[PDB]
Amino acid sequence: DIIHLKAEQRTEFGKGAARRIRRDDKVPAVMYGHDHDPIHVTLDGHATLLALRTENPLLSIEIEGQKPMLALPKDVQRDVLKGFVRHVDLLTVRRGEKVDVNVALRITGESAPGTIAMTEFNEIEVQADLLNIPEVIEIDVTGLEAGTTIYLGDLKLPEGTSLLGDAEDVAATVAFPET
Amino acid sequence: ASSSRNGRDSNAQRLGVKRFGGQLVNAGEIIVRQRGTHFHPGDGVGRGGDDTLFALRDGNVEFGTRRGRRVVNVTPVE
Amino acid sequence: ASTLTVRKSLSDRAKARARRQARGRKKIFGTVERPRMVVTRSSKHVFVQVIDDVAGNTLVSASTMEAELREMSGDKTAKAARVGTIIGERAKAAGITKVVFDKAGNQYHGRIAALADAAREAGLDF
Amino acid sequence: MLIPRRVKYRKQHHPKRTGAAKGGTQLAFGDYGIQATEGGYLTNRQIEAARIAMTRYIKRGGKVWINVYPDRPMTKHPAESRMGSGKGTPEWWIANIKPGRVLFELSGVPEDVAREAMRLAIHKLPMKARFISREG
RNA sequence: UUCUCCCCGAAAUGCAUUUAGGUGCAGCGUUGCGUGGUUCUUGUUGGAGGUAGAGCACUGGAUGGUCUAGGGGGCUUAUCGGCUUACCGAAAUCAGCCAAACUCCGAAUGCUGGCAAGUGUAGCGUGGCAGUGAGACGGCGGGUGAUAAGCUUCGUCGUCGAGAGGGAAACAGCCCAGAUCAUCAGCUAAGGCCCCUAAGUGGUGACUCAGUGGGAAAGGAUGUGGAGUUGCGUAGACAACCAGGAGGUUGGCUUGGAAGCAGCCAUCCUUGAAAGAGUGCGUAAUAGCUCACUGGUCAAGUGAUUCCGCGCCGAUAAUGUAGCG
RNA sequence: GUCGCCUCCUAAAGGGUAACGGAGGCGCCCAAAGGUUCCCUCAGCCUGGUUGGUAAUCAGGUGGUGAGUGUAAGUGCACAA
RNA sequence: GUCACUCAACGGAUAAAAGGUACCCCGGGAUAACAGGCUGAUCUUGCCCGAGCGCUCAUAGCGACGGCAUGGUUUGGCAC
RNA sequence: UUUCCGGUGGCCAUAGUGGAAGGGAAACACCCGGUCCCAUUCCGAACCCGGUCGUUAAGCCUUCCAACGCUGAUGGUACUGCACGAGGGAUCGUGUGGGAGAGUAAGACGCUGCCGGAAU
Ligand SMILES: [Mg+2]
Ligand SMILES: [Mg+2]
Ligand SMILES: [Mg+2]
Ligand SMILES: [Mg+2]
Ligand SMILES: [Mg+2]
Ligand SMILES: [Mg+2]
Ligand SMILES: [Mg+2]
Ligand SMILES: [Mg+2]
Ligand SMILES: [Mg+2]
Ligand SMILES: [Mg+2]
Ligand SMILES: [Mg+2]
Ligand SMILES: [Mg+2]
Ligand SMILES: [Mg+2]
Ligand SMILES: [Mg+2]
Ligand SMILES: [Mg+2]
Ligand SMILES: [Mg+2]
Ligand SMILES: [Mg+2]
Ligand SMILES: [Mg+2]
Ligand SMILES: [Mg+2]
Ligand SMILES: [Mg+2]
Ligand SMILES: [Mg+2]
Ligand SMILES: [Mg+2]
Ligand SMILES: [Mg+2]
Ligand SMILES: [Mg+2]
Ligand SMILES: [Mg+2]
Ligand SMILES: [Mg+2]
Ligand SMILES: [Mg+2]
Ligand SMILES: [Mg+2]
Ligand SMILES: [Mg+2]
Ligand SMILES: [Mg+2]
Ligand SMILES: [Mg+2]
Ligand SMILES: [Mg+2]
Ligand SMILES: [Mg+2]
Ligand SMILES: [Mg+2]
Ligand SMILES: [Mg+2]
Ligand SMILES: [Mg+2]
Ligand SMILES: [Mg+2]
Ligand SMILES: [Mg+2]
Ligand SMILES: [Mg+2]
Ligand SMILES: [Mg+2]
Ligand SMILES: [Mg+2]
Ligand SMILES: [Mg+2]
Ligand SMILES: [Mg+2]
């Protein structure tokens with residue numbers, strides 16, 4: 001899915017300008033790529049928060065003078081206590097292309113009550129295609145107990161989403177309870 | 001009561017650069033007092049017994065790099 | 001091409017010669033008044049150049065490679081002495097008078113010493 | 001009680017308690033956690049009380065991570081004594097907490113009882129803290 | 001320690017001291033003579049750095065995971081060798097961390113040169129005469145101390161000291177502002193404009209109803225306004241009101257009793273438009289009262305949840321209201 | 001308890017900066033451990049090897065400073081100091 | 001030129017020196033004891049959380065581990 | 001003049017580390033000897049001397065590989081000079097100037113001077 005965001009040129013730089021923008025309830029963003037100079041824009045705060053609710057969404061930035069262009073939020077600086085987005089790094093993508101992204105690991109398996117599944121990572125770097133971004137990568141540990149551990153080289157990854165990270169380290173662990 | 005096993009300290013030695021970059025100096029003028037060669041002697045600069053870098057000639061002091069060393073040179077005055 | 005560090009994977013003899021050359025060069029440095037005579041003593045030839053280390057250029061040079069000396073029958077030491085005489089003559093021509101000798105990581109002995117004494121006889125002040 | 005095996009210097013200056021959390025502002029091991037919204041000093045006794053509360057409420061399941069460590073020693077002037085005669089003897093071990101620091105983490109427990117355990121733990125801490133999760 | 005006025009105007013620091021409330025030298029004052037932009041401010045241009053921050057390359061500290069040398073416990077039973085290693089576990093490695101005496105990094109300022117402009121008359125040399133060498137509080141950056149003191153000890157700027165005038169109810173150190181004298185003129189600073197008390201019971205838009213304003217914490221609370229996110233809802237929501245609110249099943253370790261209510265659990269199946277081995281009240285122990293869910297007259301919005309503004313509780317000493325003067 | 005000297009931190013990236021603040025050293029030593037010239041590269045780790053073991057001496061491989069520096073600490077020093 | 005000082009209280013009062021005074025005598029609140037003032041560690045009085053104890057039953061009544069404050073009467077700190 | 005190569009500097013990893021392929025005309029090198037100068041805290045290993053047969057296996061050289069390492073913006077954030085402001089208090093915020101580190105896109109399998117060589 002494509003999320004459309006209206007942005008306009010940002011020209012004032014520095015902490016004072018950023019504070020003024022955030023008080024105006026916008027959010028600064030820098031959009032860069034492998035073909036053109038970085039573009040400094042400001043986005044609507046509410047729209048940016050709604051768009052960034054999900055992880056790795058495909059955004060289209062529209063500037064009135066310019067043309068819509070496709071980007072991904074690569075680094076989102078959010079406030080720590082409040083959830084507000086403080087700054088956005090947008091990385092331009094060339095429609096038909098390939099990208100490296102992080103997809104969230106979750107556990108959807110059940111074992112004996114003695115052992116509890118644990119995730120060794122929050123995100124895994126997975127090389128996928130633009131139009132099919134895996135929302136979540138799911139691994140199921142059902143009927144497996146004791147001290148079995150799962151590394152990154154054995155996953156039921158969806159089609160077109162190759163693994164870019166190392167496959168010689170553990171990802172999921174099941175072990176007896178916190179004794 | 002109690003007491004401290006500390007309270008001793010040595011007198012201030014007043015090290016550091018004495019003539020900065022571009023400053024005009026005379027021959028023999030001390031450029032930097034130091035312990036060890038944080039700055040090595042460059043062109044027109046001699047190194048003394050206590051690692052003091054001083055001017056071997058008149059000119060302007062510059063700080064630079066000679067091969068892999070931080071050095072202090074005295075460029076002869078134009 | 002100089003890199004401070006001795007290139008790794010270099011042969012053991014080459015590393016030893018490079019280290020000795022560097023430690024000699026630590027105090028040897030050629031100026032316009034007293035340029036640096038560098039003698040590279042290869043297994044078959046000796047190549048001598050007088051260098052102004054300030055500018056990084058060679059003023060005069062000589063070697064056994066010269067056609068006037070290739071067929072000059074003689075031992076390695078004799079050929080090195082002939083090279084030393086030639087380089088001294090060229091230094092006199094260029095008006096060098098005094099030089100500083102850089103053995104370039106080799107012992108001052110044999111061919112190197114013969115070349116140095118030949119230059120001294122030719123009239124170089126060192 | 002968490003006490004370091006050894007420290008380089010037993011008598012140290014008071015830790016800076018200015019600024020936001022330098023690092024460790026995000027969950028790294030567990031699913032839920034406690035995030036301090038205010039700075040302050042966190043002693044090993046308080047850490048142990050909170051950990052006991054969480055573990056006791058979650059019973060046997062789930063696992064708890066203590067992200068912070070009370071490795072900073074605090075000296076105490078000898079009692080009833082006039083000022084001076086050198087620094088005191090270490091008496092407390094604290095961790096330097098800054099706003100946004102994740103103190104405790106929990107995993108392997110349903111969200112509601114995890115929240116209740118975190119509430120029990122937070123009521124033992126000397127600074128304000130909140131329950132956080134990986135957005136569920 | 002006794003008359004006057006005119007000009008300038010400190011110090012309470014450093015070093016040393018049989019010294020610490022003394023004194024010498026230097027610092028700071030004044031003054032004669034001499035030297036004249038050398039001082040200073042700003043801009044520009046160039047230097048050395050390791051603080052703040054940050055980081056984990058080093059040295060220490062540290063959490064979890066993987067893995068493991070090697071130690072512990074056992075047996076077959078041991079000289080081995082094996083099963084174990086379901087225990088311990090250096091190291092290595094992955095991820096998150098910590099540091100006044102850690103640094104792969106690294107500012108702002110400050111310091112110090114060149115140049116340019118601006119500038120009071122600043123700077124410097126050398127003589128005469130000093131006083132001072134008990135400091136105080138405030139801002140900022142630190143040590144001591146308990147996250148203490150109107151505490152103590154440094155760095156730095158300010159005021160006071162040695163400073164009147166305006167403001168702060170009063171109130172050396174805070175804010176405004178440096179008093180040559182006269183004036184029954186005007187404009188302002190901080191702070192103020194209902195009355196005390198000079199000037200607005202000013203205009204417009206919101207919020208508060210606590211006399212909050214006009215002291216306070218952890219914590220607690222259908223206070224009240226505003227901004228979201230989200231579930232359900234004229235397939236008819238939430239309340240209110242009439243019928244089904246139970247079989248098998250007194251489910252099991254308990255406990256003369258756990259039958260639905262001592263505590264702990266697999267957290268099922270059924271006559272069926274409907275229901276939980278079961279949530280409150282009742283109860284020696286079962287009974288029962290009553291709810292989610294099952295229809296209907298009515299039905300237009302409800303139910304969560306987050307954040308923001310102002311409020312509430314917590315709140316609590318002694319002569320007299322007495323924490324807006 | 002302290003008094004002179006040296007190193008670090010406090011000390012706020014020049015210098016300087018106090019407390020009965022936090023850590024340690026000094027009142028020597030060396031005729032070479034001084035001068036000069038030339039030569040050399042360590043510690044650790046891995047493998048093999050009489051006595052011999054974690055570790056003596058030897059071999060190969062790896063390894064740039066983590067060894068070393070008469071003596072504290074810092075600044076230095078592998079170009080080696 | 002060089003020598004002789006733990007003149008170490010190390011800018012080194014004499015080459016040469018310990019005590020008692022409640023029998024005592026002759027500036028300082030620059031500095032202690034008492035009271036006042038500040039502070040509140042300690043003390044004191046509350047409060048939040050509720051492990052647990054209370055046949056059963058957290059909260060009849062109790063309150064572990066921790067947390068937050070009141071009072072200024074305790075011991076102190078400060079030395080106004 | 002150009003190309004290739006040997007020496008000798010400069011920048012001191014954008015150059016290193018590791019992997020792959022290929023090359024020697026001069027040159028470099030390994031290599032072959034130890035009689036001679038000389039040498040080993042033993043050893044002609046090294047140093048030195050005498051040769052240039054043999055050999056491109058290695059050094060060296062050329063091409064390729066971002067793989068480890070290295071280099072690295074823009075924007076934002078931390079901090080901060082000056083000027084203020086807010087909390088009972090730890091402490092926090094704003095104006096006006098300066099502004100990182102980390103991380104991100106990316107760069108990069110070196111650059112450059114002089115001398116000599118063989119060919120053109
Ligand atoms: Mg010397
Ligand atoms: Mg000396
Ligand atoms: Mg990090
Ligand atoms: Mg005056
Ligand atoms: Mg810091
Ligand atoms: Mg004086
Ligand atoms: Mg005095
Ligand atoms: Mg004084
Ligand atoms: Mg004083
Ligand atoms: Mg003072
Ligand atoms: Mg002050
Ligand atoms: Mg302090
Ligand atoms: Mg005071
Ligand atoms: Mg006075
Ligand atoms: Mg004044
Ligand atoms: Mg006044
Ligand atoms: Mg007044
Ligand atoms: Mg008044
Ligand atoms: Mg007026
Ligand atoms: Mg005004
Ligand atoms: Mg009045
Ligand atoms: Mg009105
Ligand atoms: Mg009005
Ligand atoms: Mg009230
Ligand atoms: Mg009130
Ligand atoms: Mg309140
Ligand atoms: Mg008033
Ligand atoms: Mg300093
Ligand atoms: Mg400073
Ligand atoms: Mg002082
Ligand atoms: Mg003295
Ligand atoms: Mg005497
Ligand atoms: Mg008597
Ligand atoms: Mg008297
Ligand atoms: Mg007094
Ligand atoms: Mg007094
Ligand atoms: Mg008193
Ligand atoms: Mg009184
Ligand atoms: Mg008292
Ligand atoms: Mg006192
Ligand atoms: Mg005082
Ligand atoms: Mg970078
Ligand atoms: Mg950067």
Side-chain angles (χ1 to χ4, degrees), chain B residues 9-78, chain C residues 1-7 15-40 48-61 91 94-108 112 116 119-120 124-126:
Chain B
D9 194 357
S10 81
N11 283 323
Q13 309 292 334
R14 291 138 170 104
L15 306 185
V17 170
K18 303 308 190 188
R19 296 286 183 275
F20 294 92
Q23 208 158 335
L24 188 73
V25 300
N26 291 342
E29 195 165 314
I30 284 189
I31 300 174
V32 63
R33 309 293 288 238
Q34 60 180 5
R35 304 271 94 90
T37 64
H38 179 90
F39 301 97
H40 288 262
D43 284 283
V45 163
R47 169 204 188 180
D50 62 17
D51 310 307
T52 293
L53 298 201
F54 57 93
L56 291 180
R57 65 187 180 223
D58 297 15
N60 294 281
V61 166
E62 66 183 1
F63 286 80
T65 307
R66 179 71 275 172
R67 280 164 61 97
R69 298 193 185 286
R70 292 188 296 272
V71 296
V72 179
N73 314 295
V74 169
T75 62
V77 65
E78 162 64 28
Chain C
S2 59
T3 59
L4 278 73
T5 187
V6 173
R7 176 71 173 171
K15 292 181 181 179
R17 179 179 278 109
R19 286 187 69 88
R20 298 196 286 271
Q21 184 178 2
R23 89 160 57 94
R25 184 73 158 101
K26 167 200 277 207
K27 291 190 287 185
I28 302 303
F29 186 90
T31 49
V32 194
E33 293 83 3
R34 207 188 261 280
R36 167 180 66 126
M37 185 180 288
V38 194
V39 189
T40 305
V48 180
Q49 37 181 348
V50 186
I51 300 158
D52 186 74
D53 269 314
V54 163
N57 56 355
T58 287
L59 282 72
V60 290
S61 76
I96 304 317
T97 68
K98 65 179 73 175
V99 310
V100 61
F101 197 79
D102 167 18
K103 53 202 187 84
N106 295 312
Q107 184 178 2
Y108 182 83
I112 305 286
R120 284 190 184 105
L124 277 193
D125 171 1
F126 75 103

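Side-chain atoms are counted along with the backbone in the values below, which use heavy atoms only and exclude waters and symmetry mates. Throughout, protein chains are lettered first and strands after them, A, B, ... in sequence-line order, and every chain is numbered starting at 1.
Annotation: salt bridge (charged side-chain N to carboxylate O under 4.0 Å, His left out) contacts of C:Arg34 (sequence neighbours excluded): none. Applying the side-chain contact (heavy atoms from CB on, under 4.5 Å) criterion to C:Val6, with sequence neighbours excluded, gives C:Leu10, C:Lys15, C:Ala18, C:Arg19.
Contact between B:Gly46 and B:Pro41 at its shortest, heavy atoms only, is C-CB, 4.3 Å. Taking both residues in full, the closest heavy atoms of C:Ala91 and C:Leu124 are given as CB-CD2, 3.6 Å, listed atom of the first, atom of the second, then distance. Between C:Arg20 and C:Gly105, the shortest heavy-atom distance links the atoms NE-O, 2.9 Å. Across all their heavy atoms, C:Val39 and C:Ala104 have their closest contact at O-CB, 3.5 Å. Shown here for B:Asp58 and B:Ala27, the closest heavy-atom pair between the two residues is OD1-N, 2.7 Å.
Atom CZ of B:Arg19 sits about 12.5 Å away from atom CG of B:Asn60, to the nearest 0.5 Å. Atom-to-atom distance recorded for B:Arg47:CZ and B:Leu56:CG is 13.5 Å, nearest 0.5 angstrom. Note that CD1 of C:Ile28 is 12.5 Å distant from CD1 of C:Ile51, once rounded to the nearest 0.5 Å. Here CZ of C:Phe126 is found 13.5 Å from NZ of C:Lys98. Values are rounded to the nearest 0.5 Å. Taking CZ of C:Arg25 as the start and CZ of B:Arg67 as the end, the distance is 8.0 Å to the nearest 0.5 Å. In this structure, CZ in C:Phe29 is found 7.5 Å from CG in C:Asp52, a value given to the nearest 0.5 Å.
Under the 4.5 Å side-chain criterion, counting only non-hydrogen atoms from C-beta, B:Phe39 is not in contact with B:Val45. You'll find the side chain of C:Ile112 stays beyond 4.5 Å of the side chain of C:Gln107, heavy atoms only. In this structure the side chain of B:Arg57 reaches within 4.5 angstrom of the side chain of B:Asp43, judged on heavy atoms. The shortest side-chain heavy-atom distance between B:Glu29 and B:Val74 does not fall under the 4.5 Å cut-off. Using a 4.5 Å heavy-atom cutoff, the side chains of B:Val72 and B:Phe63 are in contact. Contact check for C:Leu59 versus C:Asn57: side-chain heavy atoms found under the 4.5 Å cut-off.
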Could you go through the side chain to side chain contact (heavy atoms under 4.5 Å, CB included) check for B:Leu15 and B:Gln34 one step at a time?
CA-CA 6 Å; B:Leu15 306 185; B:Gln34 60 180 5; 5.6 Å; no

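No donor-acceptor distance shorter than 3.5 angstrom exists from the side chain of B:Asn73 to the backbone of B:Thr75, with no hydrogens or angles considered. Of the possible donor and acceptor atoms, none in the side chain of B:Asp51 sits under 3.5 Å from a partner among the backbone N and O of B:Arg35. The closest donor-acceptor contact from the side chain of B:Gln13 to the backbone of B:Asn11 lies under 3.5 Å. Distance alone, capped at 3.5 Å, is enough to place a donor-acceptor pair between the C:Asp53 side chain and the C:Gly30 backbone.
When C:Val100, C:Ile96, C:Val48, C:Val60 are each tested for a side chain to side chain contact (heavy atoms under 4.5 Å, CB included) with C:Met37, only one passes: C:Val48.
Between C:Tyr108 and C:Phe101, the ring planes lie perpendicular to each other; the angle is over 60°, past the 30° to 60° tilted range.
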